[PDB]
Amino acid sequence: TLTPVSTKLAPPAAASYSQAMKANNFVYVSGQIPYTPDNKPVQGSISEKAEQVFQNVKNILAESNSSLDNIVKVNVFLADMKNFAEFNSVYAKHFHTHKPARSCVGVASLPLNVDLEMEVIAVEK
């Protein structure tokens, strides 16, 4: 069974995709960007932007019968790898106890010209 996930506490998915999709115990979360649930961009520091991305992921996971503690793998895409040090401070605050596998890469550009995008693969609770 493939089950799409929708929450009002993350920016809405466009017509062609879902915020997350569940398949046999796994939860695949779409790449989250620094936008509020009302679909407005977060302006400010990378730290503020990272915190929004984390809240977006967390809320989609909660709707997926999952949580940060059930994440298996995180992929981080940064528009500028110079921002990695700052991003990592926020990342470490969230993954203080649970330590999923991770990959981080510097990309040329991201949707809507944002500074970061983060996708996650998790398991159901």
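Quick note: we count residues from 1 along the sequence shown, nothing fancier.
Legend entry - Selected stretch [higher average CA B-factor]: 88-96 or 38-46: According to the entry, 38-46 carries the higher average C-alpha B-factor.
Inset, instruction - Please work out which of 55-63 and 79-87 has the higher mean CA B-factor as recorded in the PDB entry. - result: Comparing averages over the C-alpha atoms only gives 79-87.
Inset, instruction - Could you check 14, 105, 101, 21 and tell me which one carries the biggest Cα B-factor in the deposited entry? - result: It is 14.
Legend entry - Chain third (lowest, middle, highest) by recorded CA B-factor, residue given as residue 2: Highest third of the chain for residue 2's C-alpha B-factor.
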